[PDB]
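K.L.:
When you line the sequence shown up against the authors' numbering, it's residues 7 to 102, 106 to 184, in that order. By construction, the Cβ of each residue, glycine as well, lies at the ideal position given by its N, Cα and C atoms.
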Amino acid sequence: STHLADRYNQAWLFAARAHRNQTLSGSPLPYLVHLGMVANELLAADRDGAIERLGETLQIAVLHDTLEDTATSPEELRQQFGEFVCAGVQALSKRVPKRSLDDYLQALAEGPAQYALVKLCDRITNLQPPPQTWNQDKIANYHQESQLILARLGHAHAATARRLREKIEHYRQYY
Ligand SMILES: [Mn+2]
């Protein structure tokens with residue numbers, strides 16, 4: 007089926023199995039908590055500026071951490087979701106040799122805008138209140154990194170860029 011919800015379910019079930027028994031950062035809740043919010047950000051973003059290839063991009067949102075933290079291979083993503091989804095997850099993976110942030114963001118900035126948009130949604134989601142065990146320095150550093158993500162990637166989707174900027178501004182209160 008081409009239906010947006012069927013595409014999400016396929017990716018969502020795959021991600022739930024891949025991230026089985028993985029948790030959040032600074033919480034015992036399932037890592038799935040994170041993916042639900044990123045995917046929902048993406049779908050919400052479409053309402054403020056339509057996205058080309060929305061269904062695949064929503065799958066990328068759901069799947070964006072599979073290569074970096076699960077036993078998922080690129081070949082599985084390609085066979086089950088297509089090359090565009092696979093390339094999106096790869097673009098969003100720093101490590102599947107960890108790429109430096111500058112190279113990582115530059116490749117997202119120069120590639121398909123949908124992939125950069127997923128990163129904006131990822132970072133918006135990660136600018137919830139920091140985990141209880143981060144000190145001021147670590148929270149401050151996360152703010153700095155977020156600023157670079159907005160600078161390099163905000164071009165991808167204006168409404169989401171504005172939302173990321175507001176989340177970045179609001180984040181300064183946590184330190
Ligand atoms: Mn993420």
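1) Would you kindly work out how many angstroms separate the C-alpha atoms of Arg-172 and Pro-106, rounded to a whole number?
2) At a cut-off of 7 Å, would you count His-25 as near ligand 1, judging by its Cβ distance to the nearest heavy atom?
3) Is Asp-131 close to ligand 1? I mean its beta-carbon at under 7 Å from any heavy atom of the ligand.
4) To which residues of the same chain is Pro-138 closer than 8 Å at the C-beta, ignoring the five residues directly before and after it?
5) Do the region 67-86 and the region 42-50 touch if we need at least three Cβ pairs shorter than 8 Å?
6) Taking 8 Å as the cut-off, decide whether the C-beta atoms of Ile-148 and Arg-132 are in contact.
7) Roughly how many angstroms separate the alpha carbons of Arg-181 and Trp-143, rounded to a whole number?
8) Taking the Cβ atom as the reference point for each residue, do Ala-122 and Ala-165 lie within a distance shorter than 8 Å?
9) From the DSSP secondary-structure annotation, give me the bridge partner or partners of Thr-29.
10) Quick one: give me the first and last residue of the alpha helix (DSSP H) that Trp-18 is part of.
11) Please report the Cβ distance between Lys-128 and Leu-162, rounded to the nearest whole angstrom; I am assuming they are in contact, meaning their Cβ atoms lie under 8 Å.
12) So, are the CB atoms of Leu-10 and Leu-64 less than 8 Å apart?
13) Is the separation between the beta-carbon of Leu-114 and that of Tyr-124 shorter than 8 Å?
14) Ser-155 and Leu-136 - do their beta-carbons sit closer together than 8 Å?
P.N.:
Working from what's here:
1) 32 Å
2) no
3) yes
4) Correct list, in chain order: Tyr-183.
5) yes
6) Note that the C-beta distance between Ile-148 and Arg-132 is not below 8 Å.
7) 14 Å
8) yes
9) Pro-36
10) Bounds of the alpha helix (DSSP H) holding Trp-18 are 10-24.
11) 6 Å
12) A contact, by the Cβ cut-off of 8 Å.
13) no
14) yes
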